[PDB]
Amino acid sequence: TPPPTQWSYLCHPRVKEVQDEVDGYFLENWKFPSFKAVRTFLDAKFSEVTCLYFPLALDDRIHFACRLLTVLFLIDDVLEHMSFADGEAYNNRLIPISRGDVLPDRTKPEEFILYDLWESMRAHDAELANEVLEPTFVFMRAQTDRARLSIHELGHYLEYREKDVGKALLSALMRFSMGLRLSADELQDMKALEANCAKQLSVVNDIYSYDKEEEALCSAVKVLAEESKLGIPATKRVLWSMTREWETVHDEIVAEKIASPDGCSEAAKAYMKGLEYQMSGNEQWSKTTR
């Protein structure tokens, strides 16, 4: 069904070993509520997803990305099941520990896992480790659920997805995993390219998550289908066209930045290529999933 795409996804070469490694660590430390929970956890294959998003990550770093994303999803699920206040408190306890300004309980996995993870990351590359720090707090604090809902125009919806705090985290993490060292200016001039990516990432997600999200809704599939009065299949076909169109915008922006007179850094190029993999990898994942 999906129209052709100029891009080829890629999975990190060490996906298998790393997946065992990381999943194992959590089977060893996280206090799972039950065995069914463990089954659910494993079926998520967090390390595999991470490996599809960051296939160009350095071999000795890819596991950090897997670890960080895994605990963040575990945490995200926890916050979703506790009152806004309790949730807010939960993060208040972890962020200070994540910074390393507070020792972990050591009896509370949510505490020592984050603590040991950030300490090992900072020990490996403090400069870039810190680059990922604030983005993950923003992401964590955004998980305290309240309000949120009702967007009916395409524009507003796409604009809202461009600002997604998680896709922002992904990009920061991507830099750390690949060991990319960019300048403030370089990073700023990447905004547009980044927004286009965050937007593409969301729509492809919606297209594949629409059906399952049916039971009783912030989705591009719903928004457009209403505005255009088309059926779901048609809407999806249209969303795909737009998706492939945005991939061209990506390529166009890249080519332009590279061929630019002011030149394009080696680290900059790696960064842009990296974003392409998040998108190609995100789709690959989205097809074959759940």
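Just count from 1 along the sequence shown to find any residue number.
The entry shows a gap from residue 216 to residue 217, with 10 or more unmodelled residues of the deposited sequence in between. When the two stretches 184 to 192 and 147 to 155 are set side by side, the higher mean Cα temperature factor goes to 147 to 155. With 67 to 75 and 96 to 104 compared on mean CA B-factor from the PDB entry, the stretch scoring higher is 96 to 104. Across 50, 243, 260, 40, the entry's maximum B-factor at the CA atom is seen for 260. Comparing C-alpha B-factors across 114, 142, 170, 129 in the deposited entry, the largest value falls on 142. Among the modelled residues of its chain, residue 207 has a C-alpha B-factor that falls in the middle third according to the deposited record. When the modelled residues of the chain are ordered by C-alpha B-factor, residue 9 sits in the highest third. Remark: residue 138 belongs to the lowest third of its chain, ranked by C-alpha B-factor as recorded. Ranked within its chain, residue 109 lands in the highest third, by CA B factor from the PDB record.
Sorting the modelled residues of the chain by their CA temperature factor places residue 227 in the highest third.
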